[PDB]
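Side chains are part of it too, since the values below use all heavy atoms of this structure and drop only hydrogens, waters and symmetry mates. Residues take their numbers from the sequence shown, with the count starting at 1. One-based numbering, in listed order, for ligands and for the atoms of each.
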Amino acid sequence: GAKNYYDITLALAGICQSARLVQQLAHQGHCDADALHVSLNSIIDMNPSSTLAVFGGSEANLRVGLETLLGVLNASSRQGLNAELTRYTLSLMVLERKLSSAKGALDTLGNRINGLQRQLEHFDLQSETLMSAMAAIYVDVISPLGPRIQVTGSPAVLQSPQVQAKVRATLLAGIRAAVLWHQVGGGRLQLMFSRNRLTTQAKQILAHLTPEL
Ligand SMILES: [Hg+2]
Ligand SMILES: [Hg+2]
Ligand SMILES: [Hg+2]
Ligand SMILES: [Hg+2]
Ligand SMILES: [Hg+2]
Ligand SMILES: [Hg+2]
Ligand SMILES: [Hg+2]
Ligand SMILES: [Hg+2]
Ligand SMILES: [Hg+2]
Ligand SMILES: [Hg+2]
(Lines give C-alpha, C1' and ligand atoms only; values in the text may rest on other atoms or scores of the structure.)
(Ligands and ions follow the chains in the order given, each with its own letter.)
Protein backbone atom coordinates (compact mmCIF):
# COMPACT_ATOMS: atom_id res chain seq x y z
CA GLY A 1 0.00 0.00 0.00
CA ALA A 2 1.77 3.10 1.33
CA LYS A 3 5.39 3.89 0.43
CA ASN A 4 7.71 1.26 1.93
CA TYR A 5 11.33 0.17 1.69
CA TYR A 6 10.46 -3.42 0.80
CA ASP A 7 8.82 -2.37 -2.52
CA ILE A 8 11.45 0.31 -3.19
CA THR A 9 14.23 -2.20 -2.68
CA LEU A 10 12.65 -4.63 -5.21
CA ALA A 11 12.23 -1.97 -7.87
CA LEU A 12 15.80 -0.83 -7.28
CA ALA A 13 16.88 -4.47 -7.57
CA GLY A 14 15.30 -4.58 -11.03
CA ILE A 15 17.33 -1.60 -12.24
CA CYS A 16 20.55 -3.22 -10.84
CA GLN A 17 19.56 -6.54 -12.46
CA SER A 18 19.42 -4.87 -15.86
CA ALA A 19 22.76 -3.25 -15.19
CA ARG A 20 24.45 -6.49 -14.20
CA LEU A 21 23.03 -8.48 -17.14
CA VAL A 22 24.40 -5.80 -19.54
CA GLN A 23 27.78 -6.18 -17.87
CA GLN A 24 27.83 -10.01 -18.14
CA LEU A 25 26.84 -9.65 -21.80
CA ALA A 26 29.41 -7.00 -22.66
CA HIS A 27 32.38 -8.91 -21.04
CA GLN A 28 31.44 -12.55 -21.77
CA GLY A 29 28.76 -12.43 -24.48
CA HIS A 30 26.41 -14.49 -22.28
CA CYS A 31 24.32 -13.71 -19.23
CA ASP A 32 22.24 -15.44 -16.53
CA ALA A 33 19.34 -16.77 -18.64
CA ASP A 34 16.88 -17.04 -15.77
CA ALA A 35 17.52 -13.45 -14.63
CA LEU A 36 17.26 -12.16 -18.21
CA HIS A 37 13.99 -14.07 -18.73
CA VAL A 38 12.62 -12.35 -15.61
CA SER A 39 13.83 -8.91 -16.72
CA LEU A 40 12.48 -9.25 -20.25
CA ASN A 41 9.10 -10.56 -19.00
CA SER A 42 8.74 -7.46 -16.71
CA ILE A 43 8.59 -5.30 -19.88
CA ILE A 44 5.58 -7.09 -21.33
CA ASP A 45 3.41 -8.28 -18.41
CA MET A 46 0.48 -5.89 -18.11
CA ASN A 47 -0.80 -7.65 -14.94
CA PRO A 48 0.86 -5.80 -11.95
CA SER A 49 -1.08 -6.51 -8.69
CA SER A 50 2.13 -5.77 -6.76
CA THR A 51 5.74 -4.59 -7.25
CA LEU A 52 6.88 -8.14 -6.84
CA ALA A 53 4.28 -9.44 -9.39
CA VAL A 54 6.05 -7.27 -12.03
CA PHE A 55 9.04 -9.64 -11.58
CA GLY A 56 6.87 -12.77 -11.44
CA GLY A 57 5.80 -12.87 -7.81
CA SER A 58 8.97 -14.47 -6.44
CA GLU A 59 11.86 -12.81 -4.65
CA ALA A 60 14.20 -15.47 -6.13
CA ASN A 61 13.57 -13.88 -9.53
CA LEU A 62 15.44 -10.74 -8.44
CA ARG A 63 18.41 -12.43 -6.71
CA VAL A 64 20.88 -11.10 -9.28
CA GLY A 65 19.58 -7.54 -8.89
CA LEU A 66 19.49 -7.74 -5.06
CA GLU A 67 23.16 -8.89 -4.87
CA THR A 68 24.17 -6.18 -7.38
CA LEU A 69 22.29 -3.56 -5.42
CA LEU A 70 24.44 -4.23 -2.34
CA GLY A 71 27.61 -3.27 -4.26
CA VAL A 72 26.05 -0.35 -6.12
CA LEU A 73 24.90 1.29 -2.87
CA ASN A 74 27.95 0.48 -0.73
CA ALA A 75 31.14 -0.60 -2.49
CA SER A 76 31.07 2.43 -4.77
CA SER A 77 34.62 2.44 -6.17
CA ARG A 78 35.36 4.86 -9.00
CA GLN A 79 37.14 2.10 -10.89
CA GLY A 80 36.78 -1.57 -11.78
CA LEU A 81 33.73 -3.76 -12.26
CA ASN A 82 31.54 -2.23 -9.64
CA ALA A 83 32.15 1.24 -11.00
CA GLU A 84 30.59 0.04 -14.32
CA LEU A 85 27.47 -1.16 -12.48
CA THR A 86 27.15 2.13 -10.74
CA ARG A 87 27.52 4.13 -13.97
CA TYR A 88 24.89 1.97 -15.76
CA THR A 89 22.39 2.25 -12.88
CA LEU A 90 22.76 6.06 -12.58
CA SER A 91 22.49 6.44 -16.39
CA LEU A 92 19.27 4.39 -16.34
CA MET A 93 17.83 6.55 -13.57
CA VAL A 94 18.79 9.81 -15.39
CA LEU A 95 17.21 8.49 -18.63
CA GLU A 96 13.98 7.48 -16.91
CA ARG A 97 13.54 10.99 -15.50
CA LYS A 98 13.98 12.43 -19.01
CA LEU A 99 11.37 9.94 -20.26
CA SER A 100 9.01 10.85 -17.42
CA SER A 101 9.35 14.59 -18.10
CA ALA A 102 9.23 14.42 -21.95
CA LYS A 103 5.69 15.40 -23.02
CA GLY A 104 4.18 12.41 -24.79
CA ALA A 105 7.04 9.90 -24.40
CA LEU A 106 5.54 7.58 -21.77
CA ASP A 107 2.27 7.17 -23.81
CA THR A 108 4.36 6.45 -26.90
CA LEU A 109 6.39 3.90 -25.00
CA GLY A 110 3.39 2.07 -23.58
CA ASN A 111 1.93 1.78 -27.08
CA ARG A 112 5.17 0.58 -28.60
CA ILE A 113 5.51 -2.01 -25.79
CA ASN A 114 1.96 -3.29 -26.26
CA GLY A 115 2.73 -3.54 -29.95
CA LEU A 116 5.24 -6.37 -29.30
CA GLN A 117 2.12 -8.58 -29.49
CA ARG A 118 2.56 -8.36 -33.28
CA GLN A 119 5.83 -10.39 -32.90
CA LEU A 120 4.89 -12.42 -29.79
CA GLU A 121 2.15 -14.10 -31.84
CA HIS A 122 4.78 -16.14 -33.75
CA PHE A 123 8.03 -15.71 -31.77
CA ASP A 124 9.08 -16.37 -28.22
CA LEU A 125 10.23 -13.62 -25.91
CA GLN A 126 13.89 -14.73 -26.00
CA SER A 127 14.10 -15.01 -29.86
CA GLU A 128 16.41 -12.79 -31.95
CA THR A 129 13.20 -11.35 -33.45
CA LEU A 130 11.82 -10.15 -30.07
CA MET A 131 15.21 -8.96 -28.88
CA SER A 132 15.53 -6.73 -31.97
CA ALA A 133 11.95 -5.47 -31.66
CA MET A 134 12.57 -4.48 -27.98
CA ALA A 135 15.98 -2.91 -28.84
CA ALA A 136 14.21 -0.87 -31.52
CA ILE A 137 11.86 0.51 -28.88
CA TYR A 138 14.78 1.44 -26.58
CA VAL A 139 16.63 3.03 -29.49
CA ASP A 140 13.66 4.84 -31.11
CA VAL A 141 11.86 5.99 -27.93
CA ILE A 142 14.17 6.26 -25.00
CA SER A 143 17.80 6.73 -26.17
CA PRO A 144 17.24 10.09 -27.92
CA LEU A 145 15.76 11.57 -24.73
CA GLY A 146 19.10 11.78 -22.94
CA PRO A 147 22.79 10.88 -22.72
CA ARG A 148 23.72 7.49 -24.20
CA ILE A 149 24.56 4.69 -21.79
CA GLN A 150 28.15 3.94 -22.86
CA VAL A 151 28.52 0.17 -22.62
CA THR A 152 32.05 -1.21 -22.02
CA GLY A 153 33.27 -4.75 -22.31
CA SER A 154 35.16 -6.83 -24.88
CA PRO A 155 34.93 -4.73 -28.04
CA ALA A 156 34.87 -7.78 -30.33
CA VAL A 157 31.89 -9.28 -28.45
CA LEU A 158 30.08 -5.94 -28.81
CA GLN A 159 30.30 -5.89 -32.64
CA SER A 160 27.66 -8.67 -32.68
CA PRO A 161 24.29 -7.17 -33.69
CA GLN A 162 22.63 -9.89 -31.54
CA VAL A 163 24.69 -8.85 -28.49
CA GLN A 164 23.80 -5.22 -29.26
CA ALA A 165 20.10 -6.13 -29.51
CA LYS A 166 20.10 -7.95 -26.14
CA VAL A 167 21.97 -5.07 -24.50
CA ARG A 168 19.41 -2.57 -25.67
CA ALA A 169 16.48 -4.85 -24.80
CA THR A 170 17.95 -5.31 -21.26
CA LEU A 171 18.42 -1.54 -20.92
CA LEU A 172 14.69 -1.23 -21.70
CA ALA A 173 14.03 -3.55 -18.77
CA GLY A 174 16.16 -1.32 -16.47
CA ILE A 175 14.09 1.66 -17.63
CA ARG A 176 10.93 -0.29 -16.92
CA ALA A 177 12.16 -0.98 -13.34
CA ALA A 178 13.10 2.69 -12.85
CA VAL A 179 9.55 3.66 -13.84
CA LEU A 180 8.28 1.30 -11.16
CA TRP A 181 10.75 2.62 -8.62
CA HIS A 182 9.24 6.16 -8.96
CA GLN A 183 5.70 4.74 -8.98
CA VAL A 184 6.37 3.09 -5.51
CA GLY A 185 7.79 6.21 -3.86
CA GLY A 186 11.37 5.88 -4.90
CA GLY A 187 13.55 8.70 -6.06
CA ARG A 188 16.87 10.54 -5.96
CA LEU A 189 16.49 12.10 -2.51
CA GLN A 190 14.96 8.94 -1.03
CA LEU A 191 18.03 7.12 -2.30
CA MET A 192 20.53 9.62 -0.79
CA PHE A 193 18.67 9.48 2.54
CA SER A 194 17.72 5.85 2.89
CA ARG A 195 20.73 3.83 1.83
CA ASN A 196 21.36 1.66 4.90
CA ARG A 197 17.61 0.81 4.98
CA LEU A 198 17.72 -0.41 1.35
CA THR A 199 20.96 -2.35 1.99
CA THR A 200 19.58 -3.99 5.12
CA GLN A 201 16.32 -4.92 3.42
CA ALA A 202 18.15 -6.46 0.48
CA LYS A 203 20.38 -8.48 2.88
CA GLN A 204 17.21 -9.71 4.61
CA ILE A 205 15.69 -10.89 1.32
CA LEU A 206 18.91 -12.73 0.35
CA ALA A 207 19.01 -14.40 3.78
CA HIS A 208 15.34 -15.29 3.37
CA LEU A 209 16.27 -16.85 -0.02
CA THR A 210 19.04 -18.92 1.49
CA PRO A 211 17.86 -20.88 4.55
CA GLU A 212 20.56 -23.51 3.69
CA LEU A 213 23.05 -21.03 5.15
HG1 LIG B 1 20.41 -0.43 -8.69
HG1 LIG C 1 36.09 -8.03 -19.86
HG1 LIG D 1 22.17 -10.38 -21.08
HG1 LIG E 1 21.30 -14.06 -21.19
HG1 LIG F 1 4.63 -12.01 -36.26
HG1 LIG G 1 -0.23 -14.57 -37.92
HG1 LIG H 1 -2.30 -13.97 -37.33
HG1 LIG I 1 10.24 0.39 -20.45
HG1 LIG J 1 10.16 9.99 -8.07
HG1 LIG K 1 9.54 -17.40 4.38
Side-chain angles (χ1 to χ4, degrees), residues 6-7 9-19 21-22 35-48 50-63 65-66 88-125 127 129-149 165-184 186 200-213:
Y6 185 84
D7 285 336
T9 296
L10 296 178
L12 284 162
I15 300 177
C16 277
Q17 192 145 297
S18 178
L21 291 173
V22 168
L36 176 71
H37 190 244
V38 167
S39 287
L40 294 186
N41 278 5
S42 69
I43 298 175
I44 65 169
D45 210 355
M46 127 203 119
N47 303 82
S50 71
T51 294
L52 188 56
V54 168
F55 302 104
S58 300
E59 289 170 340
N61 290 348
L62 283 163
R63 195 183 180 121
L66 289 160
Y88 296 150
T89 47
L90 291 178
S91 290
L92 285 165
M93 283 171 180
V94 173
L95 205 55
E96 183 275 346
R97 302 253 46 64
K98 293 311 187 23
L99 162 65
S100 170
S101 63
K103 176 129 171 102
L106 273 164
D107 172 79
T108 291
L109 175 66
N111 280 294
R112 285 288 306 274
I113 283 158
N114 211 225
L116 301 157
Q117 289 177 96
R118 302 195 324 268
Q119 289 92 8
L120 285 171
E121 181 181 329
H122 300 129
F123 297 100
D124 285 325
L125 173 59
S127 64
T129 296
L130 247 301
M131 221 63 76
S132 319
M134 291 183 276
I137 290 182
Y138 179 75
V139 173
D140 293 348
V141 178
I142 305 181
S143 75
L145 294 192
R148 7 186 160 178
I149 308 196
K166 282 182 181 80
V167 163
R168 293 171 307 158
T170 300
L171 296 174
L172 174 60
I175 297 291
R176 189 268 138 69
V179 174
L180 177 62
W181 173 52
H182 285 275
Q183 261 153 27
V184 303
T200 293
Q201 175 60 274
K203 285 177 176 198
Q204 195 281 155
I205 298 158
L206 293 158
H208 171 44
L209 292 171
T210 320
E212 307 95 290
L213 302 170

Closer than 3.0 Å to the Hg ion (ligand 7), which protein N, O or S atoms? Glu121 OE2
Could you list the donor-acceptor pairs under 3.5 angstrom formed by side chains in residues 52-61, with sequence neighbours left out?
from, atom 1, to, atom 2, distance (Å)
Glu59, OE1, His208, NE2, 3.4
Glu59, OE2, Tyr6, OH, 2.6
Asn61, ND2, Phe55, O, 2.9

Which heavy-atom pair separates [X] from [Y] by the least distance, and what is that distance?
X      : Y      : answer
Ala11  : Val184 : CB-CG2, 4.3 Å
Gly115 : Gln119 : O-OE1, 3.7 Å
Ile43  : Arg176 : O-NH1, 3.9 Å
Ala169 : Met134 : CB-CB, 3.9 Å

Can you name the one residue among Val139, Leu109, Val141 that meets side-chain contact (heavy atoms from CB on, under 4.5 Å) with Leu172? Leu109
